[PDB]
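So the protein sequences, as listed, match chains E, S, F, X, Z, Y and U. Here my numbering is used: the first residue of the first sequence is 1, the next is one more, and so on. Here my numbering is used: the first residue of the second sequence is 50, the next is one more, and so on. Here my numbering is used: the first residue of the third sequence is 147, the next is one more, and so on. Here my numbering is used: the first residue of the fourth sequence is 207, the next is one more, and so on. Here my numbering is used: the first residue of the fifth sequence is 267, the next is one more, and so on. Here my numbering is used: the first residue of the sixth sequence is 304, the next is one more, and so on. Here my numbering is used: the first residue of the seventh sequence is 354, the next is one more, and so on.
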Amino acid sequence: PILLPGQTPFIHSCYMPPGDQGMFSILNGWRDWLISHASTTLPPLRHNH
Amino acid sequence: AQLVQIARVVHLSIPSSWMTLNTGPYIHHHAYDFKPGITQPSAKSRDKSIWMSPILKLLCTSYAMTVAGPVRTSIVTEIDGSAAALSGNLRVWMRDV
Amino acid sequence: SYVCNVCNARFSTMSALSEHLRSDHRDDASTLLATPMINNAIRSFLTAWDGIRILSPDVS
Amino acid sequence: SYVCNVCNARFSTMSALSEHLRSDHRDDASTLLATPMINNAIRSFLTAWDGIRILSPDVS
Amino acid sequence: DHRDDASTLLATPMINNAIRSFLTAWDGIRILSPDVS
Amino acid sequence: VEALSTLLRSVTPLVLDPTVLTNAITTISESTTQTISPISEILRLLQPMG
Amino acid sequence: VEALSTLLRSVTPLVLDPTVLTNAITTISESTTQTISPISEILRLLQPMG
Ligand SMILES: [Zn+2]
Ligand SMILES: [Zn+2]
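Take a look at the structure:
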């Protein structure tokens, strides 16, 4: 991806692996922003994850 | 068995784009699955490390290769669940398929 | 301003909220005392013996 | 508009935000920010590069 | 707050599998009912 | 007997804390490679029937 | 007391580096199969407010 919401463009290298690995790596970097942002924007879910 | 040989058991493979790079030694002795001074003890793989460590190393190096810029050392810092729980679920899935 | 969802405190920057979420409503430190294979047994034991709970010094 | 999720300042363009991140938060370690860390890694990269030629200079 | 976060396999499957198979194999040896007897 | 038992419980300075026993037991280290762990065993036994 | 303490900290060649202790400690080898690692505990004791 070129730019994710909350990030800065052009931070992902072309050597990013396809498939689940690419997904995991992206989410791993994107983790904290997603968690914090979700808390502000949405009500909490009903039981722990 | 080699790192990739065992890691492929869960379909963790090397991207074709990497085939032109000398990734061997990095995966061997640069992707710390358990650095003593950094990792939380909850993530200690214990005896199953014989087949757990390659998986973690593959995940680590994949994330490191994802970001732009120079290659940096990759370190597992924490598993939300215990490493034992992770290994148990993996064994279940391995048995399922 | 940015807010929590558990204690619902408010923060002036998203970064401050993130670290709070990583520190307050996380797991306790006492969980790290032992292996999960024991901690589950410990939890079962305490739950089993909850009937021995000491009464408050008001009903007595 | 865009917000610097650390100092909570607002910016009209991603360019202005990026310049602010590179300039202001040059040494911060907040996980919400990536680019300062990479730039820091690059600085380490250069220092290693010095270690190379310092014991292997170039002759005419 | 928690519902099932403590749930895993909680015993060695190899032992249980060996035990379970053994009991099933020798299940035919079991006793007769007094009615049948 | 029940009435007297309740009275004794109502007025006494003694307090029972199961945690103290767990803390003492869990201080002991042992290999995780054994098939049988006594610590888990005793904790399972200690529980009250009924 | 605060005044003198700040004055002392202002002018002093002495430098306190917590890393040196952790490095000296963490590098000790140990078996990973034990249920209690003293290294983790002692780290957990002096780590708070580091
Ligand atoms: Zn909160
Ligand atoms: Zn800022």
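The beta-carbon is built from N, C-alpha and C at its ideal position, and this holds for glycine as well.
By the criterion of at least three beta-carbon pairs nearer than 8 Å, the segment 295-303 of chain Z is not in contact with the segment 354-371 of chain U.
Only buried fits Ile184 of chain F, as 16 or more other CB atoms lie within 10 angstroms of its CB. Taking C-beta separations shorter than 8 Å and ignoring five residues to either side along the sequence, the partners of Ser94 of chain S in its chain run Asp82, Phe83, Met101, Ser102, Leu105, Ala132 and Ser136, following chain order. In this structure, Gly29 of chain E and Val116 of chain S form a Cβ contact; the two beta carbons are roughly 7 Å apart against a cut-off of 8 Å. When the beta-carbon positions are compared, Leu178 of chain F and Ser91 of chain S come within less than 8 Å of each other. Of all residues in the segment 32-44 of chain E, none is placed with a Cβ closer than 7 Å to any Cβ belonging to chain Z. Taking non-hydrogen atoms of ligand 2 into account, the C-beta of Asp170 of chain F is found less than 7 Å away from none of them. If you compare the alpha carbons of X:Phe251, X:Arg228 and X:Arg249 with that of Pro242 of chain X, the shortest gap goes to X:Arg228. With respect to chain U, the C-beta atom of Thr309 of chain Y has no partner C-beta closer than 8 Å.
For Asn283 of chain Z, the uninterrupted alpha helix (DSSP H) run begins and ends at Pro279 to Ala291, by DSSP.
For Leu167 of chain F, the residues of chain E that pass the 9 Å Cβ criterion are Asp32, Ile35, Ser36 and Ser39, in the order they occur in the chain. Boundaries for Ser94 of chain S: no alpha helix (DSSP H) harbours it, and the DSSP string shows neither H nor E there.
Not one heavy atom of ligand 2 sits closer than 7 Å to the Cβ of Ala235 of chain X.
Under the Cβ criterion of 8 Å, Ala162 of chain F is not counted among the residues facing chain U. Taking 8 Å as the CB threshold, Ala134 of chain S lines the interface with chain Z. Contact between the segment 65-72 of chain S and the segment 150-169 of chain F is absent, with fewer than three C-beta pairs closer than 8 Å.
DSSP lists S:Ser123 as the beta-bridge partner residues of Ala80 of chain S. Around the beta carbon of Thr372 of chain U, fewer than 16 other beta carbons sit within 10 angstroms, so the residue counts as exposed.
With a cutoff of 8 Å on beta-carbon distance, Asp96 of chain S and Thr336 of chain Y are scored as near each other. Cβ neighbours of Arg46 of chain E within its own chain (closer than 8 Å, five residues either side excluded): none. Residue pairing from DSSP places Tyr148 of chain F in a beta bridge opposite F:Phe157. For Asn211 of chain X, a Cβ of chain F is located within less than 8 Å of the residue's own Cβ.
The Cβ neighbour count for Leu108 of chain S, taken over all protein chains shown within 10 Å, is at least 16; the residue is labelled buried. CA-CA distance, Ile87 of chain S to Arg347 of chain Y, rounds to 35 Å.
Taking a C-beta distance under 8 Å as the contact criterion, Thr110 of chain S and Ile76 of chain S qualify as a contact pair. Taking a beta-carbon distance threshold of 8 Å, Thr375 of chain U does not count as an interface residue toward chain F. The beta carbon of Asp234 of chain X is closer than 7 Å to those of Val212 and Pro242 in its chain, skipping five residues each way along the sequence.
One alpha carbon belongs to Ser382 of chain U, the other to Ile395 of chain U, and they sit about 15 Å apart. At the C-beta level, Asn48 of chain E and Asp267 of chain Z come within 8 Å of one another.
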